[PDB]
Each structure stands twice: as structure tokens, then as C-alpha cells.
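Trainee: Dropping the structure in here first, questions after.
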Protein chains: 4
Amino acid sequence: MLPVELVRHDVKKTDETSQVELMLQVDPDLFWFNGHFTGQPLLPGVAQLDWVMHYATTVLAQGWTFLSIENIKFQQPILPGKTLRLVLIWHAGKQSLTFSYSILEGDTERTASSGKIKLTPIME
Amino acid sequence: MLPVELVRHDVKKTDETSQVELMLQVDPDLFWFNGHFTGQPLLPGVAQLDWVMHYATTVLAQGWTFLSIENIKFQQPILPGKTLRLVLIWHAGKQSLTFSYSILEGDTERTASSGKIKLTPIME
Amino acid sequence: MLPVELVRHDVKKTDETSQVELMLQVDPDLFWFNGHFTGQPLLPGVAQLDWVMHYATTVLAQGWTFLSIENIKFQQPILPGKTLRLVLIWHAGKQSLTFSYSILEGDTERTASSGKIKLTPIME
Amino acid sequence: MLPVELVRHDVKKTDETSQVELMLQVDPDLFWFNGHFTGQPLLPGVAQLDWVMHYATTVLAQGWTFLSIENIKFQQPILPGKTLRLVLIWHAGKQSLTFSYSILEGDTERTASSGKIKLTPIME
């Protein structure tokens, strides 16, 4: 279910926005790609969001959780076996979490998906 | 991502099997149903498998993990807000995990999906 | 790709609304259910819309075509081999096409999906 | 539902096979991509097969129809707005229809999907 974590950069704190960059590997053996479920395997939106939420709340907004998706945009499908760069930016002020997925192949780096999510205090 | 656990009966041991019955609630707020990812919300197989594996390895086969799907069969779609009975039977001998999902509505109980999964000793 | 047409009632013209009722059989051999594509076969939204559009413009609004989906609502999945009642109501005034799908089993009739679509004159 | 036909080369008859090549445009307005049905739009297999069968039976095997999918393989997802080359080869002897989809971008041409289908004489 989860991606293989290649590298986890240190958190870059600025004024209000925090940042963490991860290099992830989309494992061909993830249930997301099992032949019994799909013949055109690609990382679905639920998984992309889920991964975003797991890293965002364990590394940037520990006491927060999902409220809503302000906007998501899937530009390129993510296939099994791809290497991804995941950038998460959290602005506790506006309570907005910005994310970005990019596929690294050769010397190229294409954006696969990006979006803004609203989070809320836990048991606020 | 997980279902709301309603009831967890006790493990029922026999010769070489371990059974566990659970009543789960398929929360409408699961990411699996987010409007941004689908208009026809239904519990996908990855989710049905993911849940089967989670309870199985935490309640019946603690030191085991997924190897392969011997056979799965989806008979009825599972909609958001449904109440489900999940029966897991584990035969450590044949190393086979049998599961069964049924939807409870009114006085009825229909099978939604069932299957057999092969598991393997972790770090074996 | 199309459903088997069991019965096609006569058009019931009233003041502004024109109607037609079809009984359809969802054939188990439709490409929509091919094992190579889906493991949990069910009639997807595109197909449901396509069928609505095909009957609606060859029987009620001959010189019109799709513009947009004002609202759709999927309440019950449609499985392979089911018998369906399809009701189409067209109000050329408001240029609105209303549709309704219901599954007939035993003495019951559940609504599977319904919605309103806006159409526009062809080559208008 | 159908793709926009850009170019249709002539049938290329050899010794035992028949061939036709088409350049198609995957129109962003197809129902296959309607926002109400998906957030990650991509040409599904049902659509890819449906198109293959349509051109094949109207250009190469007029008196034939689908029997079964000997093998299909989806290598690259097809996004809305892409230009595709579709190659169909029909061997009436072995009654096998071979197809191949490739995406044209820049100077590149990647295979998106390919497969072999068995057809049968209609009313045979």
C-alpha cells in the first residue's frame, strides 16, 4: 500500500510555511497494481492523496487532519516502478497544504499531479 | 482509509483453523469515495483486500504476509454507508486465508465478495 | 456496447414534455464487463449516459445533442444480466432531458440512477 | 464516443494478411472523460477495444464480429487530447486481428496498447 521511501530531506522552515521533499519509489508489487483489480495499472487518486496525507501529518502538521480538497490536478499518470519527487508545503496560517508529484526519468522531471488541501486541528 | 470497526467477536479455534468475525461500517467519508476521484462511489477490491490483510495479520497470522491471491470473486458492490460482516478463516497448515464479505440490510445478508489468499512466513 | 431492447413503449406527448419508456436487458457479454478490463463488473456512468443519449435523440429530440450534465445521481449499481426500465422525459422548452433507470427484480423496482441533462440544437 | 478520424491510409493487402492504418485524435469532449465520472481522465480498455472492433469490421472484416480477446496489453495510458496511430492487421486464415495503438508527441512514438483478438463469421 505505501511507497518505498528513497530519501527524506530535512524540513525547511521559513516564516509560516514548512517544506519536506521526498524521493519515493512506486513499487510494482503494490495492491494498487494487482492484475485481479485492473489491467491498466496506474496510481489512482486515492493513493496519491493518502500518501500526501500520511507524510504531511507525520512530518509537518502532526496535530492536524484532512478537511477538504480545495483543488487537485492530475497531469500525468504514475505507472508501476516509477521514481517520484514529492514536495509538501504547509502554511499553518491559511491552514493550506500544497503538494506536488513529479516523475523522474532520464534527465527529465514532469509534474504528475499537484493540489491544495485544507486541514483542520484534531479534535479542534 | 480503514472501516469503522463495530464489533470484533473472539477468535474461534478448531483443529488447524482460526476464525474471526467482524461487523464493519463503511464510512461515507473514506477517501475511497471522494467526489474528486469518482462519481459512482464503491469500495474497490484493493480496499477490500487491504482490509482483509490488515485484520488477518493482526488477529490471526501475526508473523505472516501476503504472497498471492489464489482467487477472488466480487458478487455485489459495496456502497458508502453500508454495514458489513467480515469473516476470516486461517489454516496455517495449507497457509490459506479465506475471507468473506456480506452486506447487512433489513433482515437480509448478501455475500458481496469472497476469496482465498496465500500467505508466507515473514522473513522466512 | 448497447443494451438489448426488450420493449419500447409509444411516445406520450403532453403539453411540453415528450416521453418514452424502455425495458432493457443488460447483456452479460457487453465489453463493459470483460474480465480483461474489470474484476468488479458494473455498468459505468459513461455507458449509462451514452444509452440515455442514444434513445433520447433517436426518439424524442431528433435534431438535438448533448451540451451538459446538470446533475446525475447513481443510487444503485447495475450488474450484468439485469433487467432495467428506462424513462426519458424531454421538455424542449427548458431544453432539459430527464432520465431514470430502475432495476426490476422479483416484485421490486429500485431506482439505480437518474439525472437531468441539457441539450442544444444541432448546428444551431 | 468515437475518436476524431484524422487520416485513413489505404488497405495494404499482403499474402495472408490485410492492413489499415489510422491517425486518430482523442477528443477531450468524449463522454469517457466527463468530470462527473472521473477525476483522472484516461481512455479505458473498453473504449480502446470498441474502436479497434469498429474500424476492423468496417474496413477489414466486414462479415465478422468479436469472439474473444486472446491477449491485450496496456503499456501507456492515453490522455484526453492525444494524437494516436492505430494499426490493424487481419489474418482471415487464423481468424486473428492484431492491433496496435501508439501516441505521437514531438518526434516520439510510444506504444500505448496492443493485442490479439479472435473474430468469428457472423451468422456462421
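Ordered as shown in the C-alpha cells, chains take letters A, B, and onward, while each chain numbers its residues from 1 and ligands are numbered from 1 in the order shown.
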Provide as a list in words the residues of chain B at most 7 Å from chain D, counting only C-alpha atoms.
Mentor: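 Therefore, the residues near the partner are residues 36, 37, 38, 39 and 40 of chain B.
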Trainee: For the residues in that selection, give me N, CA and C atoms as a compact mmCIF listing (two decimals), in the first residue's frame.
Mentor:
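Produced file part03.txt, reproduced below:
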# COMPACT_ATOMS: atom_id res chain seq x y z
N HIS B 36 -13.88 13.90 -5.86
CA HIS B 36 -12.86 14.28 -6.82
C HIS B 36 -12.29 13.08 -7.55
N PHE B 37 -12.49 11.88 -7.01
CA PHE B 37 -11.92 10.71 -7.67
C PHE B 37 -12.96 9.85 -8.38
N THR B 38 -14.24 10.04 -8.06
CA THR B 38 -15.28 9.24 -8.71
C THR B 38 -16.67 9.80 -8.50
N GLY B 39 -17.58 9.43 -9.39
CA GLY B 39 -18.96 9.87 -9.31
C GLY B 39 -19.84 8.69 -8.92
N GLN B 40 -19.34 7.49 -9.17
CA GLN B 40 -20.05 6.26 -8.81
C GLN B 40 -19.22 5.63 -7.69
Trainee: After least-squares alignment of chain D to chain A over all Cα atoms in order, what RMSD do you get?
Mentor: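 Least-squares fit of chain D onto chain A, C-alpha RMSD 0.2 Å.
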Trainee: Could you give me, as an NGL selection string, the residues within 6 Å of residue A:99, counting only C-alpha atoms and dropping anything in the same chain fewer than 2 positions from it?
Mentor: :A and (87-88 or 114-115)
Trainee: Since we have the selection now, will you write its residues out, keeping N, CA, C and O atoms, as a PDB file, in the first residue's frame?
Mentor:
ATOM      1  N   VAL A  87       6.872  16.982  -3.115  1.00  0.00           N
ATOM      2  CA  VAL A  87       7.121  18.214  -2.371  1.00  0.00           C
ATOM      3  C   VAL A  87       5.840  18.615  -1.629  1.00  0.00           C
ATOM      4  O   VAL A  87       4.775  18.754  -2.243  1.00  0.00           O
ATOM      5  N   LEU A  88       5.957  18.783  -0.312  1.00  0.00           N
ATOM      6  CA  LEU A  88       4.846  19.185   0.555  1.00  0.00           C
ATOM      7  C   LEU A  88       5.169  20.527   1.214  1.00  0.00           C
ATOM      8  O   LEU A  88       6.222  20.667   1.843  1.00  0.00           O
ATOM      9  N   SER A 114      -0.734  17.730  -8.704  1.00  0.00           N
ATOM     10  CA  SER A 114      -0.484  18.750  -7.694  1.00  0.00           C
ATOM     11  C   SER A 114      -1.821  19.181  -7.145  1.00  0.00           C
ATOM     12  O   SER A 114      -2.854  18.873  -7.735  1.00  0.00           O
ATOM     13  N   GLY A 115      -1.819  19.874  -6.016  1.00  0.00           N
ATOM     14  CA  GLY A 115      -3.084  20.315  -5.475  1.00  0.00           C
ATOM     15  C   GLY A 115      -2.981  20.996  -4.142  1.00  0.00           C
ATOM     16  O   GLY A 115      -1.903  21.041  -3.548  1.00  0.00           O
TER      17      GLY A 115
END
Trainee: Residue B:75: which residues within 8 Å, counting only C-alpha atoms, same-chain residues fewer than 3 positions away excluded, as a VMD selection string?
Mentor: (chain B and resid 111 to 113) or (chain C and resid 40)
Trainee: Could you pull out all residues of chain D with a DSSP call of helix (DSSP H, G or I) and give them as a ChimeraX atom specification?
Mentor: /D:31-33,45-59
Trainee: Could those residues be written to a file, using N, CA, C and O atoms, as a tab-separated table (two decimals), in the first residue's frame?
Mentor:
chain	number	residue	atom	x	y	z
D	31	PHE	N	-17.37	11.33	-23.79
D	31	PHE	CA	-18.03	11.01	-22.53
D	31	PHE	C	-17.07	10.27	-21.61
D	31	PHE	O	-17.20	10.33	-20.39
D	32	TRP	N	-16.11	9.58	-22.22
D	32	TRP	CA	-15.12	8.81	-21.47
D	32	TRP	C	-14.39	9.68	-20.47
D	32	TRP	O	-13.80	9.17	-19.52
D	33	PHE	N	-14.41	10.99	-20.67
D	33	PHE	CA	-13.68	11.88	-19.78
D	33	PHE	C	-14.54	12.79	-18.95
D	33	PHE	O	-14.00	13.59	-18.18
D	45	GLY	N	-9.94	0.60	-21.45
D	45	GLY	CA	-9.84	-0.53	-22.35
D	45	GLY	C	-11.10	-0.78	-23.14
D	45	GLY	O	-11.05	-1.14	-24.32
D	46	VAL	N	-12.25	-0.61	-22.51
D	46	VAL	CA	-13.49	-0.83	-23.23
D	46	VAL	C	-13.51	0.07	-24.45
D	46	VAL	O	-13.92	-0.36	-25.53
D	47	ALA	N	-13.07	1.31	-24.27
D	47	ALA	CA	-13.04	2.27	-25.36
D	47	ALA	C	-12.00	1.86	-26.40
D	47	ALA	O	-12.28	1.85	-27.60
D	48	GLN	N	-10.80	1.52	-25.96
D	48	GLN	CA	-9.75	1.11	-26.89
D	48	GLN	C	-10.19	-0.10	-27.71
D	48	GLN	O	-9.98	-0.14	-28.93
D	49	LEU	N	-10.84	-1.08	-27.07
D	49	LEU	CA	-11.30	-2.27	-27.79
D	49	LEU	C	-12.43	-1.93	-28.74
D	49	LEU	O	-12.43	-2.35	-29.88
D	50	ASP	N	-13.41	-1.18	-28.24
D	50	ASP	CA	-14.54	-0.76	-29.05
D	50	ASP	C	-14.10	-0.11	-30.36
D	50	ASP	O	-14.64	-0.42	-31.42
D	51	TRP	N	-13.12	0.80	-30.30
D	51	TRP	CA	-12.65	1.47	-31.51
D	51	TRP	C	-11.99	0.44	-32.42
D	51	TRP	O	-12.26	0.40	-33.63
D	52	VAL	N	-11.14	-0.41	-31.85
D	52	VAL	CA	-10.46	-1.43	-32.64
D	52	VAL	C	-11.48	-2.27	-33.42
D	52	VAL	O	-11.33	-2.48	-34.63
D	53	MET	N	-12.52	-2.72	-32.73
D	53	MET	CA	-13.57	-3.52	-33.36
D	53	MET	C	-14.34	-2.77	-34.45
D	53	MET	O	-14.69	-3.36	-35.47
D	54	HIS	N	-14.61	-1.48	-34.22
D	54	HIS	CA	-15.35	-0.68	-35.18
D	54	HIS	C	-14.66	-0.51	-36.54
D	54	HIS	O	-15.26	-0.75	-37.58
D	55	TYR	N	-13.40	-0.08	-36.52
D	55	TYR	CA	-12.65	0.11	-37.75
D	55	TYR	C	-12.37	-1.21	-38.41
D	55	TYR	O	-12.49	-1.35	-39.62
D	56	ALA	N	-12.01	-2.20	-37.60
D	56	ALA	CA	-11.70	-3.53	-38.12
D	56	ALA	C	-12.84	-4.13	-38.93
D	56	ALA	O	-12.65	-4.57	-40.05
D	57	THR	N	-14.04	-4.13	-38.36
D	57	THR	CA	-15.17	-4.73	-39.03
D	57	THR	C	-15.80	-3.91	-40.15
D	57	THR	O	-16.63	-4.42	-40.90
D	58	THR	N	-15.41	-2.64	-40.28
D	58	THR	CA	-15.96	-1.80	-41.35
D	58	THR	C	-14.91	-1.58	-42.44
D	58	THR	O	-15.24	-1.11	-43.53
D	59	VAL	N	-13.67	-1.93	-42.16
D	59	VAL	CA	-12.60	-1.74	-43.12
D	59	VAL	C	-11.90	-3.02	-43.54
D	59	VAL	O	-11.40	-3.12	-44.66
Trainee: Find the spatial neighbours of residue D:93, counting only C-alpha atoms, within a cut-off of 10 Å - ignore same-chain residues fewer than 2 positions away - and output them as number ranges by chain.
Mentor: D: 16-17, 90-91, 95-96
Trainee: Just to be explicit: take each residue in the selection above, keep N, CA and C atoms, and write the result as a tab-separated table (two decimals), in the first residue's frame.
Mentor:
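What ended up in again26.tsv:
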chain	number	residue	atom	x	y	z
D	16	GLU	N	-1.26	-13.24	-46.77
D	16	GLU	CA	-2.30	-13.81	-45.92
D	16	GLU	C	-2.97	-12.79	-44.99
D	17	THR	N	-2.44	-11.57	-44.95
D	17	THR	CA	-2.98	-10.54	-44.08
D	17	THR	C	-3.57	-9.35	-44.82
D	90	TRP	N	-5.35	-7.91	-40.16
D	90	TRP	CA	-6.27	-9.03	-40.11
D	90	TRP	C	-5.91	-10.21	-40.99
D	91	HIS	N	-5.72	-11.35	-40.33
D	91	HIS	CA	-5.38	-12.61	-40.99
D	91	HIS	C	-6.62	-13.51	-40.97
D	95	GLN	N	-7.98	-16.29	-38.47
D	95	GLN	CA	-9.08	-15.53	-37.89
D	95	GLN	C	-8.61	-14.66	-36.71
D	96	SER	N	-7.41	-14.10	-36.84
D	96	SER	CA	-6.82	-13.26	-35.81
D	96	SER	C	-6.65	-11.81	-36.24
